[PDB]
């Protein structure tokens, strides 16, 4: 009776038909109910025009869901923090409301003034909270541990940002520049949305990225959380600027041809009771709360309150949050962070995913959370058909990244989160000689090909666990004095620069259907990321980006950046990230050489410390004439210039089409190359005919 298009793609799935039937029934029932009673998902997600503070027909309306409160008032600067004349009334659903008429022809609550939701739980003292739907919240940055104020953000026309540029088209493959605004300046301080837009966005575009993953936008009280512990879900993080400054940022990005994705954190809320959503739990039943209660509401998770995703008002909140970011700020999509935590009641904490599908589909699978994400993905692709929604999920759950209507969760891409640990282990523990070519290839190629992933050698992940950059692992403190272009570099610096290029490149080429690079790592930025904390004396010295290093001409950082720039350009030209054509023809363990085919390019990697292989035979698909497409040993990338960019490499027949016995490394043709130690070279077939 029931068959799902996902079963066609992966046979092992139908073994869990009972689990999927329930999941789909739950999703369809909830959608059906939203459609009948709320006008469908698109209309249901317009919640921010109804909750929080909105201006209508010459009046101001403020709504706040708080079923547990018995009395409620709006307090603020506008009424001198006395709500005796701004008492709200409760409807049958525990939604509090008030209509405040304009005073002197102008809105009763001035733009940029402070407000709080005032309520009492049971005959005692008033409790004052920042509205759940507030759009801006500020704090005195001079004071340590300073509480936030809810700010009514409703600029006059002359101070409302006006979008001047359209959204770029969906790229064939995302080349993502992962970024954090506060730490994006060279100065030891919290940097701004405007500085980022004006000084960093052009760097991103000059490097041929097509997407920015913008982290730490949703308001968070704890700077060192990297945005992961959200307090005010509708508020643009105020330490870096206003909501209008962020609108300027997204628009500037679009003008450079860059798509912008935002980090969406719906896996939890901060447990910060004085500033955030968690202040709305006063001990009621979960049905009248954002969150589960008892163990279910936290599971011993640090700084975390867990959503009851089955709650109607919780769905309205989160789904509207998504529309808010897309509509108001022109984002081109999102990354849902903490998806591993949402998918399972054990949040995958000490798991442990060997590949037994029972680990994915059992009573531990969170249906409430999955239904939410399906509704979210259906919504988002309807609001913006060209949207890209990335899941951050370490578990690698099947059909996470298949269309909702096929029976999947609806995400476009997963992150290949296992990749960096390979390079990290190798760089810490295994001598160059002991590096396995097959083990590298396995890490990169072991993925699901029915779904798309974004590959990266390193990101903000490794930073939050306190790991060192690939560059510093390679070169350490030598980088501070050994990066001069004026004098020849030491063997170990030469070594690091080459491997940095090779690691990034093979990860891009073999790693997946998209690429990601964290701010600074494109040019092998030294040191590491460390937020101001008591243990570093509140120093910003490692909470910044040293742009000077890549900008100064007498240093060698430029060479890694130029290579990163060219690596991305190569992908723009040849489109190999969007190609299913992937063939690893040679994994030479003795010589330390990897050879593979991705798209129309032939890649040769020599990880050997010293040996130059001359006349190295490499398999290829089409016969003809081959030239250097991209070569890491080029002088422009700080190489030795040993490989010739103009030299022809003609092909030899090797058996016949489709007969694996006669073929060379399973390939129907072959050609020869020069391969110096620690180089990576891609090759393309010169088009003949063409001209002439």
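Positions refer to the first chain, counted from 1.
Asker: When the C-alpha temperature factors are averaged for each of 567-575 and 231-239, which stretch ends up with the higher value in the entry?
Answerer: Of 231-239 and 567-575, the stretch with the higher C-alpha B-factor average is 567-575.
Asker: Decide which of the stretches 448-456 and 201-209 has the higher mean C-alpha B-factor, going by the entry.
Answerer: Taking the mean C-alpha B-factor of 201-209 and of 448-456, the larger value falls to 448-456.
Asker: Name the residue from 320, 192, 356, 285 with the greatest C-alpha temperature factor listed in the entry.
Answerer: Out of 320, 192, 356, 285, the record gives the largest C-alpha B-factor to 356.
Asker: What third of the chain does residue 596 rank in for C-alpha temperature factor, lowest, middle or highest?
Answerer: CA B-factor rank for residue 596: highest third.
Asker: Please rank the C-alpha B-factors of the chain's modelled residues and tell me whether residue 340 sits in the lowest, middle or highest third.
Answerer: For residue 340, the deposited C-alpha B-factor lands in the lowest third.
Asker: Classify residue 520 as lowest, middle or highest third according to the C-alpha B-factor given in the PDB entry, relative to its own chain.
Answerer: Its C-alpha B-factor, which the entry lists for residue 520, ranks in the lowest third among residues of this chain.
Asker: Per the entry's values, where does residue 133 land by CA temperature factor relative to the rest of its chain, in the lowest, middle or highest third?
Answerer: As the PDB entry reports it, the C-alpha B-factor of residue 133 lands in the lowest third of its chain.
Asker: Grab the CA temperature factor for residue 586 from the record and place it in the lowest, middle or highest third of its chain.
Answerer: For residue 586, whose C-alpha B-factor we compare with every modelled residue in the chain, the answer is the highest third.
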